[PDB]
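Below you'll find the structure, written out as structure tokens, and then a few comments.
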Amino acid sequence: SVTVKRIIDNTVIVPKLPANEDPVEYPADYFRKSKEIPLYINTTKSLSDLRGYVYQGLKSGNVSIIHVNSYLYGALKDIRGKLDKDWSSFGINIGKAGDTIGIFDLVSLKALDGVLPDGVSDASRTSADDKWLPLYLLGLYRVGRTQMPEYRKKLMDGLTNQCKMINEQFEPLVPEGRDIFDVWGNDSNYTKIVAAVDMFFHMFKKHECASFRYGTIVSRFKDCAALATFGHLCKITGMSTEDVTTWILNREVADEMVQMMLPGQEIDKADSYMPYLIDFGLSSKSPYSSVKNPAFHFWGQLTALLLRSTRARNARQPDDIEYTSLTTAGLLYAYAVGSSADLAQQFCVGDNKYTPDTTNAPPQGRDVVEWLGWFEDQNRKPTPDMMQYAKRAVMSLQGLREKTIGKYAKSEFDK
Amino acid sequence: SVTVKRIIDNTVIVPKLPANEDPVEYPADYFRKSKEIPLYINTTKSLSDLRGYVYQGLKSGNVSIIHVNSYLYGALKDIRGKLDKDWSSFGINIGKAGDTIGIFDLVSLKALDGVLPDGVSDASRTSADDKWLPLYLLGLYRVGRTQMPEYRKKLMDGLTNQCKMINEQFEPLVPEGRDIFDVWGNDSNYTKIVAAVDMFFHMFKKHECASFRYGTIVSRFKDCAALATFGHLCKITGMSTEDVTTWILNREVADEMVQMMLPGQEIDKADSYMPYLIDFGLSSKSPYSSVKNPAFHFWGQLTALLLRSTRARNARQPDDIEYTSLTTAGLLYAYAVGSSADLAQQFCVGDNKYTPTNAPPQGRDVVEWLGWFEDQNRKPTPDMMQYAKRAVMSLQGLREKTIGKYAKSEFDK
Amino acid sequence: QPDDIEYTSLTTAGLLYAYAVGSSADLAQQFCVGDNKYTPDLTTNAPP
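Quick note, the sequences are listed as chains B, C and D, same order.
The first sequence lines up with residues 2 to 358, 365 to 422 when you count with the deposited numbering.
The second sequence lines up with residues 2 to 357, 366 to 422 when you count with the deposited numbering.
The third sequence lines up with residues 318 to 358, 364 to 370 when you count with the deposited numbering.
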């Protein structure tokens with residue numbers, strides 16, 4: 002496929018397309034250059050004054066992100082954390098034996114010197130600090146991650162969660178639409194703070210202030226949707242990771258799987274930095290995102306949907322992928338899973354069932376080789392029975408949004 | 002077919018139709034004439050006064066493009082640019098080793114004479130230079146490239162991104178209708194500035210000020226849609242560029258492909274001047290546009306649509322092309338792709354599967378499918394028609410003069 | 318639609334022309350990798 006020639010005059014043409022770099026960056030290949038994650042907390046002046054600063058700035062206005070970062074660092078300086086065993090990730094050792102480490106046992110440094118109001122603000126606020134205020138500041142990130150009218154349904158939960166022995170009220174009053182607090186999303190240090198909180202309370206689940214997670218939790222495995230869909234597919238098919246891996250039937254999905262399964266990334270590790278590669282600034286292009294795993298994402302989510310997944314209903318449909326081939330492959334996989342029920346006796350009273358007791368018929372189990380041979384014998388085209396199965400699977404799905412794989416599947420198999 | 006004669010009296014008639022000039026202009030044949038791109042910045046006096054100039058001009062319905070160009074030049078003095086390797090394009094050497102080159106290392110010159118207001122304007126605004134003002138000025142360019150109520154859905158991008166670490170808000174006067182900032186597109190120097198910024202930050206993605214892309218990115222590969230559709234077709238079929246090339250079945254599509262694939266244009270190079278041939282004034286008629294490649298555009302987008310493409314739904318339908326022949330070719334191609342699934346085992350546990366009348370061929374080879382089409386007396390089968398039917402039916406709200414509307418009207422009846 | 322012309326005759330002629338063009342697609346391989354399509358090959367009533 003090197004030389005292509007126009008035949009009418011016997012000339013050579015060179016087909017070529019614009020380049021696309023934007024390469025993925027692995028978390029492991031980041032600590033190989035630097036050994037620390039810099040968290041720049043600019044103004045470390047007066048913890049009590051920052052409380053009033055942020056309180057008055059949030060009540061309608063433009064509250065500085067530097068102020069809230071300094072306040073969060075000051076208020077979340079609880080060095081509470083008895084280590085159960087050892088804690089090490091990507092070579093960086095953050096804990097041994099029974100250490101009493103804290104949330105900010107990650108690198109901290111000092112930036113700039115610029116501040117706004119100068120000095121002691123309003124000594125109007127009382128303690129009540131580490132009780133709710135940080136929870137609010139961190140939940141605004143979770144509220145900022147969206148854009149549809151879910152924001153006013155997700156900010157209600159927030160105000161209801163700050164009543165844990167506190168019971169206060171609200172603060173700002175202007176709609177979202179990415180204008181007010183959404184600037185915090187693009188701040189490296191703010192996202193670093195949220196990721197540190199989430200990781201710390203992921204280790205110390207039984208800690209009093211683990212409630213702070215319900216708002217920072219959207220940071221864990223951020224831009225790692227493809228990995229979550231792989232796990233979801235394993236759960237939905239009930240097959241092992243190795244069998245599901247063997248059921249990949251398209252070259253590009255195999256490429257994306259190999260890319261996601263790079264061996265030295267600690268993706269299966271319990272408490273690692275990997276889930277926060279984006280917010281900690283470890284990577285600029287997530288290798289586990291759905292944007293970098295389009296074929297795999299589409300294939301897996303479609304297969305899951307054919308197996309009655311409720312998450313797949315609203316999954317986005319990527320662009321620039323082999324729709325026809327991916328859909329036929331997923332159809333074969335889903336039909337194989339949905340025709341070969343597991344079904345085996347588990348308990349008995351001394352009375353067990355042993356299972357050793365027409366032509367165009369689907370293979371016995373869930374083996375890739377037999378089903379591939381059966382598809383070969385089926386002129387490489389889906390049978391009426393699998394097509395009717397897909398129809399039964401997609402029909403009676405109400406209210407599907409546009410550009411989702413659910414609408415795609417219903418339009419494809421329900422006519 | 003040289004001589005044609007009326008047979009009733011044996012006289013010679015010479016059929017001829019009006020000419021069509023507008024030949025394509027390649028980026029290479031621009032550096033074949035000149036070796037530089039001149040960026041004319043007329044006035045070079047007072048950066049702070051330009052700051053106040055642009056603010057006061059923006060709060061009202063009047064502001065000179067020359068003033069905003071000069072302000073952009075002054076405020077975008079980012080000479081920050083540690084070169085990783087070398088940077089050379091179309092013979093022009095723009096960087097070697099580890100040089101710290103800048104944005105305007107694309108030649109600058111000084112223009113004419115006229116300026117508007119008096120020296121010191123309003124000294125009200127300060128330190129608003131390298132934070133947001135250029136971002137706003139540059140995003141207004143992408144906002145002007147439109148005519149339907151997409152602009153008021155596109156200005157949200159501006160106010161929402163100019164509030165990021167800056168936090169500003171409203172400022173325009175009249176909504177749209179080709180009146181306010183949509184004129185800036187017609188200034189050669191402004192478009193040159195936008196293209197230079199986009200190219201610079203396409204090289205230096207990890208730069209402090211990469212956000213400036215949110216308005217100039219619409220300049221990259223401007224009027225190069227046909228290349229994008231070729232790439233999209235490769236992505237949708239999963240085929241190589243060579244196989245997709247081999248599936249071209251019409252003379253005019255082959256001509257347009259040959260024209261688009263001219264070898265010395267650096268179209269596949271990472272950081273070239275080619276993607277900005279229009280805004281840099283390298284070409285006045287892009288050889289990679291869809292208007293100059295109508296047949297190819299129609300064929301590729303139609304095939305993509307039959308292959309479940311979501312963007313192809315809204316592709317414009319060109320005029321003055323062989324609709325019927327192109328449609329038969331696209332139908333054959335899409336039917337080949339959609340009936341012959343890839344499907345091959347990728348992983349194993351030491352246990353692999355070896356895979357070796367008037368029925369569709371086995372694979373995706375052009376020769377076999379053409380032979381099968383010959384065996385079908387060159388007309389699409391009922392099964393191919395039903396495939397197209399299933400593909401086009403259940404298509405919602407498609408606008409007029411798009412290839413989606415054409416395909417649904419053609420195959421759903 | 319002009320007036321004072323042979324609507325029936327002109328329409329039958331145009332129908333024949335358009336049907337000929339639209340039923341006989343051009344369709345011929347243009348590029349290859351050394352592998353071209355050889356076109357060798364209803365004899366009674368059937369469109370040419």
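C-beta: ideal position from N, C-alpha, C; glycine also.
Asked                                                                                                                      : Found
Beta-carbon proximity check, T247/B vs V375/C, cutoff 8 Å                                                                  : no
Under 8 Å between C-beta atoms of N251/B and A313/B                                                                        : no
Cβ pair count under 8 Å reaching 3, the stretch 260-268 of chain B against the stretch 185-194 of chain B                  : no
Among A397/B, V175/B, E377/B, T356/B, nearest to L306/B - alpha-carbon criterion                                           : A397/B
Partner residues on chain B for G239/C, Cβ-Cβ distance less than 7 Å                                                       : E253, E323, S326
Assigned exposure category for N94/C - 16 Cβ within 10 Å defines buried                                                    : exposed
Option in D180/C, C210/C, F231/C with minimal Cα separation from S61/C                                                     : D180/C
The stretch 149-169 of chain C touching the stretch 234-249 of chain C, judged by at least three CB pairs closer than 8 Å  : no
Any chain C beta carbon closer than 8 Å to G339/D                                                                          : yes
Terminal residues of the alpha helix (DSSP H) in which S340/D lies                                                         : 324-340
Inter-residue spacing [alpha-carbon to alpha-carbon] between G53/C and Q405/C                                              : 50 Å
Where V5/C falls: helix, strand or coil (DSSP)                                                                             : strand
Beta-carbon proximity of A342/C to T304/B, cut-off 8 Å                                                                     : no
Alpha helix (DSSP H) segment containing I237/B, residue limits                                                             : 226-238
Inter-stretch contact at 8 Å, needing at least 3 Cβ pairs: the stretch 266-282 of chain C / the stretch 199-210 of chain C : yes
Option in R309/C, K410/C, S2/C with minimal Cα separation from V13/C                                                       : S2/C
Cross-strand partners of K83/B (DSSP beta bridge)                                                                          : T101/B
Test item: CB-CB of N315/B and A227/B under 8 Å                                                                            : no
Identity of the residue in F105/C, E151/C, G99/C, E169/C nearest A129/C by Cα                                              : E169/C
Contacts that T356/D makes with chain C (C-beta to C-beta distance below 9 Å)                                              : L379, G380, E383
Test: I38/B CB closer than 8 Å to a CB of chain D                                                                          : no
For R399/C, the three-state DSSP class (helix, strand or coil)                                                             : helix
Alpha-carbon to alpha-carbon, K207/C and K154/C                                                                            : 28 Å
Completely contained alpha helix (DSSP H) runs for the stretch 181-220 of chain C, where each covers 4 or more residues    : 189-204, 214-217
Three CB pairs or more closer than 8 Å across the stretch 80-89 of chain C and the stretch 98-111 of chain C               : yes
Under 9 Å (Cβ pairs) to chain D, residues found in the stretch 200-227 of chain B                                          : none
Span separating the alpha-carbon of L48/B from that of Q57/B                                                               : 15 Å
Burial state of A196/B (16 or more Cβ within 10 Å)                                                                         : buried
First and last residue of the uninterrupted beta strand (DSSP E) at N251/B                                                 : Run containing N251/B: none; DSSP gives neither H nor E here.
Close beta carbons around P370/B, own chain, < 7 Å, minus the five adjacent residues each side                             : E377, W378, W381
Neighbourhood of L59/C by C-beta distance below 7 Å, restricted to the same chain and skipping five residues each side     : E172
Opposing strand residues paired with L40/B [DSSP bridges]                                                                  : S109/B
Min CB distance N353/D to chain C below 8 Å                                                                                : yes
Between the CA atoms of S90/C and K97/C - distance to the nearest angstrom                                                 : 12 Å
Minimum C-alpha distance to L110/B - residue among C225/B, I42/B, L84/B, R408/B                                            : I42/B
Residues within the stretch 258-275 of chain C neighbouring chain B, beta-carbon criterion of under 8 Å                    : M258, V259, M262, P264, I268, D269, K270, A271
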